[PDB]
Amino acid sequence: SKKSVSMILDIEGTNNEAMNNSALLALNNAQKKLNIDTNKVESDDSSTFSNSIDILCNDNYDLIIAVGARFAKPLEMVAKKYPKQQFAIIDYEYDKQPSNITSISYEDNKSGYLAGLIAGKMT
């Protein structure tokens, strides 16, 4: 039975481009080892971030991955409303880590760790 992963990225400016590309490569690499569907959402408008994550929580994804520290607040808010939904955030660590949110460093994003994490979560 196929699993599905959605990735939401902050594309305002150019300062996130490298990290964004690494996140996308990691997802593509995971897909090659697993039986997974993928989807991506891109936005430069941080005001719509919480709405967009909420929509993904109603689209049957086994994992929702947010790329960038600008997702910190809207992701924490939405994750409270969907306790069984698994989420990941790249380049941010919460002081008090929510039980359904896994944090991944900028380093782990490009080391193969992210693809591995996705594989372990999907299996």
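Each residue number is its position in the shown sequence, starting from 1.
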- Entry-level comparison of average CA B-factors, 76-84 and 42-50, reporting the higher stretch: 42-50
- Item | Given 114, 25, 9, 18, the residue at which the Cα B factor reaches its maximum | 18
- Going by what the PDB entry lists, where does residue 31 fall on CA B-factor within its chain: lowest, middle or highest third? middle
- Would you mind checking where the Cα B-factor of residue 71 ranks among the modelled residues of its chain, as the lowest, middle or highest third? middle
- Message: For the chain shown, is the CA B-factor of residue 91 in the lowest, middle or highest third of its modelled residues?
- Response: middle
